[PDB]
Amino acid sequence: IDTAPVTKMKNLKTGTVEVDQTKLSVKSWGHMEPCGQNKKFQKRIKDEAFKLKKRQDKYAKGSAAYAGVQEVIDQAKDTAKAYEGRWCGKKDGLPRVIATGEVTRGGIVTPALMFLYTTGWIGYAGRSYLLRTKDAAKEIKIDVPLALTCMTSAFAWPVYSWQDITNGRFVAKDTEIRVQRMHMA
Amino acid sequence: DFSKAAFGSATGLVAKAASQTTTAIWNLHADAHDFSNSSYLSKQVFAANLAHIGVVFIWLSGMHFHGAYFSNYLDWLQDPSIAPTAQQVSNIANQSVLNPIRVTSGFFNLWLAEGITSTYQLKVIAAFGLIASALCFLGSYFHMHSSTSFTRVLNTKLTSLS
Amino acid sequence: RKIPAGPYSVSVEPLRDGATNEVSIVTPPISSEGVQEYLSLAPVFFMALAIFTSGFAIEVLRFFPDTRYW
Amino acid sequence: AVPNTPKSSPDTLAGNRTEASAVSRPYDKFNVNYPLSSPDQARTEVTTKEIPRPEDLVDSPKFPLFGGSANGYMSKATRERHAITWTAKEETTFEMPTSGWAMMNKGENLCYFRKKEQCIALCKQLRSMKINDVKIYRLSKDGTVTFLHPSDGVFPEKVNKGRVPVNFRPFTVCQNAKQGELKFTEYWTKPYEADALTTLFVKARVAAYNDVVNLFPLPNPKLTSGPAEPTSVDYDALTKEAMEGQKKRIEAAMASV
Amino acid sequence: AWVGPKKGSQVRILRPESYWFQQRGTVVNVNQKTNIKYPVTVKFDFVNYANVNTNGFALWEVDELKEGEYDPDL
Amino acid sequence: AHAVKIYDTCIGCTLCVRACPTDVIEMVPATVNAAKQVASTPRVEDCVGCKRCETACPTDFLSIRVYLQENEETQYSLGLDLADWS
Amino acid sequence: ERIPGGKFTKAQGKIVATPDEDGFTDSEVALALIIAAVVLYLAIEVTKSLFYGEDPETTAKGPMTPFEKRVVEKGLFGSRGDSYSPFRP
Ligand code: CLA
Ligand code: CLA
Ligand code: CLA
Ligand SMILES: CC1=C(/C=C/C(C)=C/C=C/C(C)=C/C=C/C=C(C)/C=C/C=C(C)/C=C/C2=C(C)CCCC2(C)C)C(C)(C)CCC1
Ligand code: SF4
C-alpha cells in the first residue's frame, strides 16, 4: 500500500525566483553526462557488440556474410567512438539532442541552420521557377534548363529573399490577390 | 512523332484551361487504362495484355535471378529444414539485422519440383525470362502499332479463340 | 486508311496488290526533340529528382554512417 | 390474387393518408397554380376519360410492348400515378425508367409510373430519339388528372409568352441578407426568402448600427409606477440635435452620390 | 459612345463572391445595352471549380486597369 | 419542399432546365440578359434537391440556388417510390 | 467471495468488506422513494409546462413585478440583451 513517488516542491515564499547563470549549460546539468563515462551507455555498446558478434558467429570464417557482419561491427565501433562525445542522461545512456540553442555536441543550431538554408533554397528555386514560368504548360512540362538554372541560382536565397521582402517584390498587396471577402467585408 | 504522342495526354491537359488543375492529373491517372470505345479498342486491349505478360516475365526473371545469386538454394537443397532466404539486404542505414530475409513464396519448393539443382539453371531461367519479356514487349508494341484490329476475337472469332 | 488501324501506326495499308518489295520500318518514329520533351515531364523530371536525392542520401549514409559528426 | 397482391383496395390500405398528411406535413401543399406560373395561363384541363387511372386499363392498345417487371409502382400500396402520353413515328425499343426494355407502338403510347422523375427521364430519352408531344400527367387518389411537363404547351427549354418569373431574386446570390441581420424575423433561418426591400433595409440597418457616433441612445422606458426620474439629460434637446445631425448627414451622403 | 471597359483590357474583379475576386481578367466584350445588368464579359486564365473561365460582370463590379499599373505576376 | 431561387446573374442558358429530372425550372421572358430569357422555378414542389441544375449553371457562382430544407421533406422531395402520402 | 482480477488488486491486497447489515433498512428506502415520487410529480409538471411552451397571455396579461419592471427599465440581470449568461458579471 503506497502511492506514486511523491516529489518535493520549493516552498518559494522568499518573493524572488533565482535562476542560476552557471546552470545554463549542458556541462553543468546533473541529469546528463557525456557518453564517454556513462556506465549505462557503455553497457549498451557492449551489448550491441556482443549481439553483433553472436550474429557473426552464425556464418563461417571468410564467407561474404562474415565480412558483411564484420563491416557492421567496425561501423558500430566507430559509431560508439564518435558518440562518446555526446550527452546521454545518467540512467538511460541514449545520447540526447540539446535544443536550448547552445552550440554543443549533438546540438540543434547547426542542423537547424543547414536545414533552413537547404529548404529556403528549395522553396526559392520553386518560387523563382513559378515566377519565370507563369504558365501551366511550363508547370506540367518542366523547362529543364530554366528549372536547373533556378535551382542552382537559388543558392543566394537568404539575402535575395530579404531584399525582395524589404523592397516589396516578395509579398503581394492584399488588395491584388484572391482574398476571402465573400462576407462582403 | 510517336515520342510527341507519348506525352500527348499531358499536352492535351495543358492545352485547355479547364484541364489545368490537379484534378485533371488525377483524372489522367484514373482514366489511364480506361481504353475508350474506338476502332482500335481490341488492339489496345490485346497489346496491354501482352505488355502485362512481359511485366510478369520480368518479375519471374527477377525471382529466378535472386534464387541464383541472392539465395541459399543449394543449402536448402542439402537441408530442406533450413530457412529459405532469397533476398540479401545491404548494410545501409542500420538495416543489417534483417540481412537474410526468409522468403515465403515457395520458389525453392517449386524449383525442386522442376528438377532445378544448380544455380546456373536459375541464371539460365532468369536470362530466358528476360528474353521472353523482351519478346512480349516487342509483340505488344507490334500489336498496338502494326497488326490486325482484333475486333473479331470476342464475337466473330470467339470459336477460334476458345 | 480504310482498314481500321490505331492512331500512331507503323503499319502499311493492308490493301496492297501483288507482293511488294517495300521498306516498312517497324520502329517507332520517335524524335530527339520529342524524347527530350518527354523526359522533361513533371512526373519524369520530379521522379528523377527524387531518385537523385534518394541516391545522394544513400551515398552520404554509406560513406558517413550515422550522425557521427553531430 | 390474394398472395400476389393484398386483397383490400388501395383506398382501404391507404386508411387516412389524407387528413393525416394535412396534419403530419402541413407545409406539404401545392400553390394555387401548380403546373403553371401565372393564374392567367390557359390551364388546360383533362379528365379521367382522357387519361384513366392504371387500375381501370387492362391490355390497353396504347400501352407499349412491355413485359412487366418488379420495378414498377406499388399497386394497392400507393395511389399516386404519373402517366406519359407520347405519339411515335415508328415502333422501336426504349429503356423503361424502371429498368427493363419496352417497345413503342406505331401510333399513340401510354405508360404509367409512380414518380414524376421516371416520367421526365423517359421524356428526355424520347426527345433524344426525336419525339415531340410528350405529355406527362399526374393521377391522384380520387382520379383527378393534372397535366404537367409541357404545362403551357411549350417545353420549358424554350421560352414562351405568358410565363411569369417565379422565385426570381433581383440581385446576386451573395447579396442575400445574412441570418444575423434577419434575426427575430420570419426570414431568420431562410434569408433567401426575404424580399429585396427587406434585404436592402437590413443591410443598411447593420451599417447604421456601426455608427455609434451618430446612433441614437433610444431612452429607457418608463415602467416603474413611481414618478419620472428627474435625471440630468434633456431628451428633447438630444432629439432636436439628432434631427439636425440626421438632416446634415443625409444631405452630405446624397451629395457624395 | 462606348461605356464600360475597353475590349481586351485587363480588369480587376470587384465582385466579392466571384472565384476571381480581386484577381485580373481580360474583357471579351461589353454589351452596349442599358438594360443588361451584367454586360462586361471577362475571360480569365484560371478556371473556377465549374471548369469555366468566362463570366459576365456588372459595370460596377470591374475595375479597368491601365497597361502597366497592375502586377504582371498576379 | 427545397426552395429553389433564380438571381439576376442568370444568362438564359436553358442548361438548368435541361438538367432538371423533375421539370422544376422553366424559361420565362425577361429584359435583364442578352438572351432575353431567365430561368424560373414555378414547380418547386417537384424539386428533389439533386442540384443537377447547379451543376449545369455556367456563371461564376450559381445563378440558380437550391436550398435544401430537411425540416420540410415531401414525398416528391424525398423521391419516394413505394410509399404514398397523398 | 470474489476472484481477483488485475495486478493492483492482488498486489495491494484490498478486500471488499461487505457491511454486516444493509445500511438503509427498508423504512428509509421507502421515504426516499416517496420523496422521489414527489420529485417525479414535479418533473411531470415541468415536462407538461415545457412541451406546450409558455402560453402567450402570461408575460403579457400578468403585469411584471416592480422588481421586473425596474430591471427591464434599467437593463439588468441579462435584460437589455438576448442572452442567458448565468455567469453575467
Ligand atoms: C514552389 C514551391 C512551393 C513553395 C515556395 C511553397 C511555399 C509555402 N508553402 Mg507549399 N506546397 C507546395 C509547394 C510549395 N510551397 C506543394 C507542391 C504542395 C503540395 C504538397 C504544397 C502544400 C502546402 C500546404 C498544405 C501548406 C503549404 C504551406 C506553405 C507556406 C509555408 C512553408 C511550408 O509549410 O512549406 C511546407 C511544404 C510542404 C508541406 C509541401 C512541400 C512539397 C514540395 C517539397 C514542394 C515543391 C517544391 C517545388 C516542386 C520545387 C521545384 C523547383 C523546380 C520546378 C525548379 C509557404 C508559403 C503552408 C502554409 O500555407 O503556411 C502558411 C501549408 O499549410 N504548402
Ligand atoms: C485482370 C484484371 C483487371 C483488369 C485488366 C482491369 C482493368 C480495368 N479496370 Mg479494374 N478491377 C480489377 C481487375 C482488373 N481491372 C479488380 C480485381 C478490381 C477490384 C479490386 C477492379 C476494380 C475496378 C474499379 C473500381 C474500376 C476499375 C477500372 C478499370 C479500367 C481502368 C483501370 C485504370 O485506369 O486503372 C489505372 C491504374 C491504376 C489506378 C493503378 C493505381 C494503383 C492502385 C490504385 C493501387 C495499387 C497499390 C499497390 C498494390 C500497393 C503499392 C505497394 C506498396 C508497398 C506501397 C480497366 C478496364 C475503372 C473503370 O472505370 O473501368 C472502366 C474503375 O473505376 N476496376
Ligand atoms: C526495399 C524494400 C523491399 C524490396 C525492394 C523487396 C523486394 C522483394 N521482396 Mg521483400 N521484404 C521487404 C522489403 C522489400 N522487398 C521487407 C521489409 C520484408 C519484411 C521482412 C520483406 C519480406 C519478403 C518476403 C517474406 C518475401 C519477399 C519477396 C520479395 C521479392 C518479390 C517481389 C515483390 O516484393 O513483389 C511485389 C509486391 C509488392 C510491392 C507488394 C504486394 C502487396 C503486399 C504483399 C501486401 C502488403 C504490403 C506491405 C508489405 C505492407 C506495408 C506497406 C506499407 C504500409 C509500408 C522482391 C525481390 C518474396 C520473394 O520470393 O523474394 C525472392 C518473399 O517471399 N520479401
Ligand atoms: C412503498 C411506498 C409507497 C409507494 C412508493 C412508490 C411507488 C414510490 C415510487 C417512486 C418513484 C416512481 C420515483 C420515480 C422518480 C423519477 C424521477 C424523480 C424522475 C425525475 C426526472 C427528472 C427530474 C427530469 C425530468 C426532465 C427530463 C428528463 C426531460 C424534460 C425536462 C425535465 C428536466 C423535467 C406508498 C406510497 C404506497 C407507501 C409508502 C412507501
Ligand atoms: S444555367 Fe444558370 S445562367 Fe443558364 S439559364 Fe440556367 S440559371 Fe440561368
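Structure determination for this entry is recorded as cryo-EM, at 2.90 Å resolution.

A. How the structure looks around the nonpolar core. Residues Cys-16, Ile-25, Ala-39 and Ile-64 of chain F are the most contacted members of the largest nonpolar core, which totals 19 residues. Beyond its immediate chain neighbours, meaning those up to four positions away, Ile-64 of chain F contacts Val-4, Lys-5, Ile-6, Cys-16, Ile-25, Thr-41, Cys-53, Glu-54 and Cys-57 of chain F. With 18 residues, the next largest nonpolar core counts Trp-86, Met-104, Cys-111 and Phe-113 of chain D among its residues.

B. Region of the structure containing the site of ligand 5. Taken together, the residues surrounding ligand 5 are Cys-10, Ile-11, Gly-12, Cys-13, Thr-14, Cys-16, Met-27, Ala-56, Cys-57, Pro-58, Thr-59 and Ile-64 of chain F. In terms of residue class, the shell around ligand 5 is made up of nine nonpolar, three polar and no charged.

C. Representation of the interface of chain D and chain F. With 49 residues of chain D at the interface, the matching set in chain F holds 48 residues. Of the roughly 4200 Å² buried at the junction of chain D and chain F (both faces included), carbon and sulfur atoms supply 53%. Between the two partners, chain D and chain F, sit five salt bridges. Note that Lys-5 of chain F is salt-bridged to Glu-193 of chain D, the shortest N-O span being 2.7 Å. Applying the counting rule to chain D against chain F returns 33 residue pairs in polar contact. Contributions of two or more residues to the side of chain D that touches chain F are made by helix 3 (116-128) and strand 7 (168-169) of chain D. Examining the composition of the side of chain D that touches chain F, we find that five residues originate from one element, helix 3 of chain D, more than from any other. Among the residues forming the side of chain D that touches chain F, the class breakdown is 18 nonpolar, 12 polar and 19 charged. Alignment of strand 7 of chain D against strand 1 (residues 3-7) of chain F, held across two bridges, turns out to be parallel. Across the sheet, the residue bridging to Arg-169 of chain D is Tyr-7 of chain F, located in strand 1 of chain F.

D. Representation of the packing of aromatic side chains within the structure. Under the definition given, this model contains 29 aromatic pairs over all chains. Both rings, one in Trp-86 of chain D and one in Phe-94 of chain D, keep their centres 5.7 Å apart while their planes meet at 80°; by these two values the pair is edge-to-face. Pairwise contacts between aromatic rings join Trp-59, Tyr-73, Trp-76, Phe-107, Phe-108 and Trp-111 of chain B into one cluster. For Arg-86 of chain A, the ring lying beneath its charged end belongs to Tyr-83 of chain A, and the centroid distance is 5.4 Å. The ring of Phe-184 of chain D carries the charged tip of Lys-183 of chain D above its face, separated from the ring centre by 3.8 Å.

E. Geometry of the sheet that holds strand 1 (residues 81-87) of chain D. Residue and element names in this part refer to chain D. Spatially, 4-1-5-6 is the arrangement adopted by the four strands of the open sheet, whose pairing is antiparallel. What marks the edges here is a single partner per strand, and that holds for strand 4 (108-113) and strand 6 (145-148). Going from strand to strand, the sheet's axes swing by 25° on average, the running direction of each strand aside. As paired strands, strand 1 and strand 5 (residues 135-139) are joined by five bridges and run antiparallel to one another. Bridge pairing links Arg-81 to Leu-139 in strand 5. In the packing of helix 3 onto the sheet, the strands contacted are strand 1, strand 4, strand 5 and strand 6, and the crossing angle to strand 1 comes to about 15°.

Parameters at a glance
- Along every chain, residue numbers run from 1 in sequence order, not necessarily as the entry numbers them; residues that have no coordinates are omitted.
- Chain labels run from A onward and ligand labels from 1 onward, assigned in the order the entries are written.
- In this view, a larger assembly is represented only partially, and all stated values concern the represented chains.
- Side-chain figures throughout are based on the complete set of non-hydrogen atoms in the structure, without hydrogens or water.
- Residues with missing side-chain atoms are left out of burial classes, side-chain pairs and their counts.
- For this analysis, a nonpolar core means a set of buried residues of the types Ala, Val, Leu, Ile, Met, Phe, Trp, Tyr and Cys, connected via side-chain atoms within 4.5 Å.
- Three exposure classes are used, based on accessible area relative to the maximum for each residue type with a 1.4 Å probe and protein chains only: buried under 20%, partly exposed in between, and exposed over 50%.
- Here, two residues are considered to be in contact whenever any of their heavy atoms come within 4.5 Å of each other.
- If a single non-hydrogen atom of a residue is within 4 Å of a molecule or strand, that residue counts as near it.
- Side-chain classes follow a simple rule in which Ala, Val, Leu, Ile, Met, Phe, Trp, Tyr, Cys and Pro form the nonpolar group, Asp, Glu, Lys and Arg form the charged group, and the remainder, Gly included, forms the polar group.
- Buried surface area refers to the total accessible area, computed with a probe of radius 1.4 Å, that the two partners give up upon joining, counted for both partners together.
- One speaks of a salt bridge when a side-chain nitrogen belonging to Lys or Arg is within 4 Å of a carboxyl oxygen belonging to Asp or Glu.
- Definition of a polar contact: a pair of N or O atoms within 3.5 Å, with one able to donate and the other able to accept a hydrogen when the atoms are protein atoms, and with sequence-neighbouring residues admitted only if both atoms are side-chain atoms.
- Only DSSP runs of H or I with at least four residues qualify as helices, and only runs of E with at least two residues qualify as strands; both kinds are numbered from the N terminus onward.
- By definition, two strands form a pair when at least two bridges between them are found by DSSP.
- Side-chain rings of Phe, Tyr and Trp, where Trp is taken by its six-membered ring, are said to pair if the distance between their centres is within 6.5 Å; with planes under 30 degrees apart they count as stacked, over 60 as edge-to-face, and otherwise as tilted.
- Here, a charge over a ring is recorded when the distance from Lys NZ or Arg CZ to the ring centre is within 6 Å and its angle to the ring normal is within 35 degrees.
- Interaxial angles span 0 to 180 degrees and are taken between N-to-C directions of axes, which are lines fitted to C-alpha atoms, for helices over the stretch in contact.

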